[PDB]
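Have a look below at one chain only, the form deposited in one PDB entry, in structure tokens format.
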């Protein structure tokens, strides 16, 4: 096939019904690449994509070839599988999809009704591609079809209040015997689930605000300047180009995890690597300022927690009036009460306050009416990625 037939073939996979048998059957046909190499396992309800990207950036700056498996993509499909922050080239995706389909067709010649899902096909391809390219470590963000590895260190960023013990027990399945777990400051029910699991596995548990912390943090331009502290000391005046107070805990989790990786593998990691790797830690479409003149910021906050955390982040950055373009009525009532011009438009991959029929009509209106006013586009990551693909791709 071509690339276009290859990405359409990946999306043609079904919606099957538990354990990891189907993906392990497929992975045995690929020669078990999940059993070789080093891995960092990342799960959590929020902040896992941001942490994983930060861990990868810090490890790459120390001189390691880092594979990175994330979801979702923002600009193109190829962003889900990266090696040193470069998305898997089209032709390499064409080759890899052809190799995995060939092994899958061999498996269907034996077991006639064998199949896998879309995420299981992608995860198996990701794990085979990282071994083919021979990376030093692969940072794996949890989708659990990825739970077929023994990591060097596991990360559990958050189990947020949105049942808690039932969610925490599903998330604690990535914690393995003797392998250290780096977590955030978990809520009581999630913490009790983590404490009992690590007493069972015998794991070293490094927790945010206990073993490591951020004693100083403040805004500095479009990003934050902060100080990290642990048992080895402090690394002061670290800078990341990400706004939001919740990002202080994701970066701190990322720094602690990277240090736990290097100590376990006897790899040298300096504070310089951590500093340089945190400076390169850009995470697209998450309060990203994409244009200076005119001022345009894109964001994918989609819950009311995301709307409330955005509102105070926008208040921190802007003391002038802005136009906010929003992709239900409780999310829109807090936007109208806090901001100037507010436009409600439709999100592009969905179906059926000032109303606009599209985000382009709202953006053209604001630029025509008041050209010096900043525009923030928020409400969905799919709407935010549509604006980013249009305005930059």
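Numbering follows the first chain given and starts at 1.
Undergrad: Between residue 162 and residue 163, how many residues of the deposited sequence have no coordinates in this entry: none, 1 to 3, 4 to 9, or 10 or more?
TA: Per the record, 4 to 9 deposited residues are absent between residue 162 and residue 163.
Undergrad: Between residue 327 and residue 328, what class does the number of missing deposited residues fall in: none, 1 to 3, 4 to 9, or 10 or more?
TA: 4 to 9 residues are missing.
Undergrad: Tell me which stretch has the larger mean Cα B-factor in this entry, 193-201 or 163-171.
TA: Looking at the recorded C-alpha B-factors, 163-171 comes out higher on average.
Undergrad: So, looking at the entry's B-factor column for Cα atoms, which has the higher mean, 124-132 or 104-112?
TA: Taking the mean B-factor of the alpha carbons in each, 104-112 is higher.
Undergrad: Determine which member of 341, 45, 70, 34 has the highest CA B-factor, using the values in the deposited entry.
TA: Reading the PDB entry, the winner on C-alpha B-factor is 341.
Undergrad: Per the entry's Cα B factor values, which of 117, 303, 256, 213 stands out as the maximum?
TA: Highest C-alpha B-factor among the listed options: 303.
Undergrad: How does residue 380 rank on Cα B-factor within its chain, lowest, middle or highest third?
TA: It falls in the top third of the chain.
Undergrad: Can you tell me whether residue 318 has a C-alpha B-factor in the lowest, middle or highest third compared with the other modelled residues of the same chain?
TA: Within its chain, residue 318 is a highest-third residue by C-alpha B-factor, going by the deposited values.
Undergrad: Among the chain's modelled residues, which third holds the C-alpha B-factor of residue 289?
TA: Within its chain, residue 289 is a middle-third residue by C-alpha B-factor, going by the deposited values.
Undergrad: Compared with the other modelled residues in the chain, in which third is the CA B-factor of residue 229?
TA: Residue 229: CA B-factor falls in the middle third of its chain.
Undergrad: Among the modelled residues of its chain, does the C-alpha B-factor of residue 366 lie in the lowest, middle or highest third?
TA: It belongs to the middle third of the chain when residues are ordered by C-alpha B-factor.
Below, we refer to the form deposited in another entry, which is not included among the displayed structures.
Undergrad: Of 237, 306, 220, 283, which marks the hinge as one rigid part swings against the other between this form and the one not shown?
TA: It is 283 that sits at the hinge.
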